[PDB]
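Participant: part one of the complex, left exactly where it sits:
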Amino acid sequence: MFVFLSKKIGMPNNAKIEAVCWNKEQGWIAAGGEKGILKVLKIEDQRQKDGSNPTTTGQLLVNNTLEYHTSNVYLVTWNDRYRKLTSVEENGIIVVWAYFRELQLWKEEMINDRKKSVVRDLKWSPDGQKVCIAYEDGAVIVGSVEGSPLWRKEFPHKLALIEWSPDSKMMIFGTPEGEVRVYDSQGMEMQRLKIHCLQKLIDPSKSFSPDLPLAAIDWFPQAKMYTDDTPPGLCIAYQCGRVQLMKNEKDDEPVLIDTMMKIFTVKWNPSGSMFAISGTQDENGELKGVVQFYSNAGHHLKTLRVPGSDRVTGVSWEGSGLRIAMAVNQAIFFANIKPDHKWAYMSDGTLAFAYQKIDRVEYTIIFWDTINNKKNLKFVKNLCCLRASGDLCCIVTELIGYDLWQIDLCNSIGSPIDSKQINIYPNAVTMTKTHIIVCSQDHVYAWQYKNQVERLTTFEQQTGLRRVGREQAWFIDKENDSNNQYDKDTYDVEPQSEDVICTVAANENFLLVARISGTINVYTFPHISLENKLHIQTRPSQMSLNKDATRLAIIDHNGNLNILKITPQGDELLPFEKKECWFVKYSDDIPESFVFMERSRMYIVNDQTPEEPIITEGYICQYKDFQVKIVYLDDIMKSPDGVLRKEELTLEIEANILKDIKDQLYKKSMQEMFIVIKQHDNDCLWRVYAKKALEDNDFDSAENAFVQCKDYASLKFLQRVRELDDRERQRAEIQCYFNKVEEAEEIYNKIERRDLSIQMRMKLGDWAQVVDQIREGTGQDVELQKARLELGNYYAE
């Protein structure tokens, strides 16, 4: 997952912005100002058509100001069920708006205001039918959507924070002194929470009421609260210190997270996967506005720092969770997020996509064929890792209760083959053509599943011992020599090392293991033995290996990119700069050319010479010969009715070399084409040249191209072709030779002489089409009977 910056909305009238609310269904972001400046507006689309917008959008669709106020506003909330928008001021004036179908006109539909009182926090029910209003005095008023007051109770203790349960049946209140109380929907006290987060800061004698004010309490909706086996979903944070995370209101084994930052706002994901905490951090020596992202377990995935040395106030997520809005001083910064989005792409065209369920515990894997448009679905409980090969995919899952991880292989359809179980935590997994290597914090495990040339090492019979298909597992600091076959109970994991590993890379005959301290270890596949020890100043993050094992790309944790030349016991850093890089992929055919993706911009680089950037909002699947394939996974997630088309999601971008080659082919003649193509001498270029030559009814150029390509079958094809009389049978046989038969049938039909088409169809082996053609066509009995017998045999087999 990565985060970066985007368009920056300017100040309305040079006024402080402190409250921003983003709608979830239709995008209507609302921001409050200083002198009663409320502005609701539409935001630009992240992606348009299949390319960059010539107008670049740049149009605020609504951008209308709804002042009505002389004082400041600091509470603006959107009702998701309806069009209502609630906003209050410092004078205790609660104003609710609604949308009328006119020229972007909003008029007040609730004007209430209680004098001699101060509003602290209003809240709306998850169902959108209840509103809770509270004051510093202690009075709590709960109302419906219609206007009939449910109850207006009075509480002795002062209140600071209000929270609603997902089922809207119970209430969470927080006092300014700092404590959490649970009440019923009828204002009846149930109990008081106990806090374990604040250690060494609270009074040792009494812990229920410390002197630390509460920053933010957030309960993630759509989450179960009458169960104990679920990831945590309720978070309570204090003004500066630890944040405490619960799976339930009655839980007594907390999850603790410590951050050195002044917590002010914590917001959950629309899907509940991650949550963001905004505020000011003094670790840099002064005040810096930062937003930190944490997982449901809590791992500090990323930290976003704004360029301004100021405070970040208020965070809102988009409906899909792909963009975030922060109100920083006098501007509304928009941060773009690319999540992990576990996906795998095979060489056969099948794409495997992992989708997380609302249960946050179970996953669905989707196998979509990019050619036949076939869709297959499987349900996998737990997912740790997903990887792909030319024709196989590896799935790494976790079994809870046995502290074990299962790795299994699946074909294009997804049938499991040779599933194995390991007791090693999959910190970083990779898998090459003939091996699968998973690395924990301190252990390394390798498994061979293919034979030396091309076989499956699972169904073998010869001598007793294990020759091919053996599993190895060793330690990183010591035990360089590869060990023998391990077991799920014999092998030991307890020993730990001071230098942990971060990233692993694999090749056909080489293996690279990185270290956090900056050391890279090289291993050989025939017999695992360390050879070299490369040194890097910064810890690598992604890492990528070139074909033939000549160079490699190092991506630092901060996003910096550089090129390292691997040499025996040496270190050569090629100067390439290009900081803040995100994705890097070396070509599997060209030893030099590669593609790197930086801040929604792609670059094709060869011989340290970059080209022009292209705006792209997709992920790179593969870089084949002068071609790069991208797939828009966001559109896949947002499918309306259940049809996926290869012409809308999948896009292919050609290199400048291929574009120029096609350019010069299409305007210039044939001989200079041959002369300029002899230097490159590539299989794809020869293939395209031969296709162009044969399309123009030229055989000398076509036979020359096939001779240069060293293809005997195509030469036999052309030799068979050249003995033809008419000008149309050659076209039909060529076009049915390529991949396609329907146009050949049509050209037979327009040429007539149908028995030729019948013979072509019967030799091609398709019998149903032959039966359909024969029926009511000629009425000859013998070939109809023979075709029906053949079709019956085909169905029986």
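Facilitator: Perfect, thanks for sending it. Residues are numbered from 1 along each chain as shown, chains lettered A, B, ... in the order given.
Participant: Now do residue A:423: how many residues are near it, please.
Facilitator: Residue A:423 sits with 19 neighbouring residues when counted by other Cβ atoms under 10 Å. (C-beta placed from N, C-alpha, C; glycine too.)
Participant: mind listing what it touches?
Facilitator: Shown in contact with residue A:423 (Cβ atoms under 8 Å, 6 or more residues apart in numbering): A:403-405, A:488, A:491, A:493.
Participant: please redo it, this time with the cut-off set to 6 Å
Facilitator: Residues counted as contacts of residue A:423 (Cβ atoms under 6 Å, 6 or more residues apart in numbering) are A:404, A:488.
Participant: Got phi/psi on it?
Facilitator: Dihedral angles of residue A:423 (phi, psi; degrees, to the nearest 10) stand at phi -110, psi 20.
Participant: how near is it to residue A:139?
Facilitator: According to Cβ to Cβ, to the nearest Å, residue A:423 stands 58 Å off from residue A:139.
Participant: Then residue A:399?
Facilitator: Separation of residue A:399 from residue A:139 (Cβ to Cβ): 53 Å.
Participant: Of the two, give the one with the bigger neighbour count.
Facilitator: residue A:139 (15 against 12).
Participant: Drop chain B onto that structure:
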Amino acid sequence: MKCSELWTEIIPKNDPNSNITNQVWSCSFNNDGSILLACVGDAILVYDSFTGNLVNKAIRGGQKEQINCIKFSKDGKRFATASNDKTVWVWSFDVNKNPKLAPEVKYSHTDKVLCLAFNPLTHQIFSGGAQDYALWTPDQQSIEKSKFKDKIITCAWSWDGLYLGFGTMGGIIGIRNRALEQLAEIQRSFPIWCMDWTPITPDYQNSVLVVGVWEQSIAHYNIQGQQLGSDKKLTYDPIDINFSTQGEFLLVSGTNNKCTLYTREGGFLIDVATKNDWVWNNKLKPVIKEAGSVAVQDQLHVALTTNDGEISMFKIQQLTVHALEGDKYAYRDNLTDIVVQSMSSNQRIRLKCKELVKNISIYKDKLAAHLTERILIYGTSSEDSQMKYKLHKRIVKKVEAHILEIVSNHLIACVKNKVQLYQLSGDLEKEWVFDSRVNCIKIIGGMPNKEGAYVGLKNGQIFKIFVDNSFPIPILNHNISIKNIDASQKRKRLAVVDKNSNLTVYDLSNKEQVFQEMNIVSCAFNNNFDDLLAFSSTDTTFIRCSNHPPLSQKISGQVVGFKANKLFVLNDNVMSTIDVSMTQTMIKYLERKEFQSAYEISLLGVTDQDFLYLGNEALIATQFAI
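Facilitator: This next block brings in chain B, placed alongside the chains you saw above:
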């Protein structure tokens, strides 16, 4: 299904001419389950749940009278000991500290103490004896004592921590709040002994009071005091009541010296043990479930305390019953549930029932559920890819049989040494009597009302049965008993397994032992080629063809089914599919030049490279059709 004793400790120190006795009254159990407590006259005993031994020596002299009740605090840190010395002690507990147990706070009522209870949330103590009831809060360290008109017998706090329920021997049951006010009062005519609160559940999310009266009845009461109207009757007077975690089971003890298990609705499942004396207190072992953990959780643990002075431990293991015919796998989930799973999309379909299911048999687009004294059948809409189950018919007749099968328009039940044929209406149709117990039966396809079947006896003779013939046809004879049988696709051979895990292959045309194998757990025939045999031992599965060396895989699991280019492996209660390569058999068939069988094998979904290979050799060896 099976109940096994684990460890028994007896306390024979009966003391005549002394009010101290050898009886045991209560057995407190820890939430984690690593420690157990018991109370005897003038002593408290500490035990380990897994193995029976005293981790700490018996404590004597702390209380000068008997101990009435012992309870934890749902966190494994406190004990509450109430004695006939008109005093209640609360002790602090922690396994790691050098003093494992030590008294913390002692208080006293005016009269003897009879019952005690704890608060799940706030850890407050409510102790009720004769003429008095007291509440203790750890923070304030100030007890609140109140007088009452007759001796409370039992107390129980709700799982929400808000309500409290108490009962009196005079027939009065009272429900109060944390402030101890008369929220609800109900008057009965019989003494009140056992009460409990139903555990919170996301499906139910409502708490009711379950109280067992001495007039042979069990009653459910709401918060307001209005009865739910169940009033289920019992043969014996209940004594103790305990709910399992998540509110799935109910352990009932009392008269008849039997400890029985029930569903929360009231359906009898099994009886745990019969001691031949009154069981004063029986407790269940709570379980802790991880976030998204996968486990069958068939194991159950119960602890019983009797009147003579025996504290016994029992383990309950649930057997696995399942059915697999084609494209479907219907297995019994946690008791009184049926889950149908498809191997392709891994999707599950759940059917919930109230009584215990005994056998599950699935025919073509038809599933049969055998509830206690009830039979259900569900059909399937074939046109839709997803299945839709509708109850076409229901059978009320009570039938007892360890094996049940359903065929087109008929049912077969195996009981003892007899096989009974039942019509769908319910009336018995035909009977078959054999010498010994019918161990395994296999059903083979055929016309309606004419489906044949194979039967194995404890003697070992294998017989054939036809529906209308009414005369068994002796197929063959085996000296050892028969456990599982299988039939080939063409019905050419038959694989049979004995009690010694011995597999034997018999040819039907000529009765001879062609193949014999040792240490075999399961076996299966192919349904397309008729020749492949896949047999799984405890750790290794072997696939054998005609006159071919076996193929080893070292795959963990047991083989249940074999389909074209597919083997089914079942581990515990989950199932998986694994593909096989037919390249080895194809090569071996090419070795001896039987291209027809090689092509038939390659037709099972082999890679195109082997297809072009086989085509090459077919062209070389002058076989143009193949």
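Participant: Could you re-examine the contacts of residue A:423 with chain B now present?
Facilitator: If you count contacts by Cβ atoms under 6 Å, 6 or more residues apart in numbering or on different chains, residue A:423 has them with A:404, A:488.
Participant: for residue B:391, same thing?
Facilitator: Residue B:391 sits next to residue B:378 when contact means Cβ under 6 Å, 6+ apart.
Participant: now do residue A:628
Facilitator: Residues counted as contacts of residue A:628 (Cβ under 6 Å, 6+ apart) are A:595, A:653.
Participant: Confirm that it sits in a strand.
Facilitator: Yes - assessed with DSSP: H, G, I helix; E, B strand; the rest coil, residue A:628 lies in a strand.
Participant: and it, bridged to which residues?
Facilitator: Beta-bridge pairing for residue A:628 (DSSP bridges): residue A:623, residue A:653.
Participant: Any figure for the gap between it and residue A:687?
Facilitator: Counting by Cβ to Cβ, the gap from residue A:628 to residue A:687 is 18 Å.
Participant: Likewise for residue A:742?
Facilitator: 23 Å.
Participant: How about residue B:156?
Facilitator: Counting by Cβ to Cβ, the gap from residue B:156 to residue A:687 is 82 Å.
Participant: what do you get for residue A:520?
Facilitator: Taken as Cβ to Cβ, the span from residue A:520 to residue A:687 is 38 Å.
Participant: Same drill for those two, tell me which one is more crowded.
Facilitator: Using other Cβ atoms under 10 Å in any protein chain shown as the criterion, residue A:520 and residue A:687 rank with residue A:520 on top: 22 against 16.
Participant: could you also fit chain C onto it:
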Amino acid sequence: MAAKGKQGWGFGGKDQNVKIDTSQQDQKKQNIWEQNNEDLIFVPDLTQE
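Facilitator: One more piece, chain C, placed on the ones above:
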């Protein structure tokens, strides 16, 4: 411009409760891969004793 300008929720003295139009309701359509969550359909048993 305060089209209505009425106090609600029992904030003022004289009862001036007002009516909100609740006709236009906006709902979220569940995702298709999210709509495959209901493969595990619950089927009750016919309990007619």
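Participant: Once more for the contacts of residue A:423, now including chain C?
Facilitator: Contacts for residue A:423 (Cβ under 6 Å, 6+ apart) come out as A:404, A:488.
Participant: Count residues in the vicinity of the closest residue to residue B:502 other than its chain neighbours, would you?
Facilitator: Nearest non-adjacent residue to residue B:502, counting by Cβ to Cβ, 6 or more residues apart in numbering or on different chains: residue B:518, 6.1 Å away. Each residue near residue B:518 was counted by other Cβ under 10 Å, and the total is 9.
Participant: give me phi/psi at residue B:518?
Facilitator: Dihedral angles for residue B:518 - degrees, to the nearest 10 - are phi -110, psi 150.
Participant: Equivalent analysis for residue A:123, please.
Facilitator: Dihedral angles for residue A:123 - degrees, to the nearest 10 - are phi -150, psi 150.
Participant: ok, now residue A:717?
Facilitator: Main-chain torsions, residue A:717, degrees, to the nearest 10: phi -60, psi -50.
Participant: same thing with the one 10 residues further on?
Facilitator: Backbone geometry at residue A:727, expressed as degrees, to the nearest 10, gives phi -90, psi 0.
Participant: touching chain B at all, the lengthiest helix in chain A?
Facilitator: In chain A, ranked by residue count with DSSP state H as the criterion, the top helix is helix A:781-796. No - judged by Cβ under 6 Å from any Cβ of the partner chain, helix A:781-796 stays clear of chain B, getting no closer than 10.6 Å.
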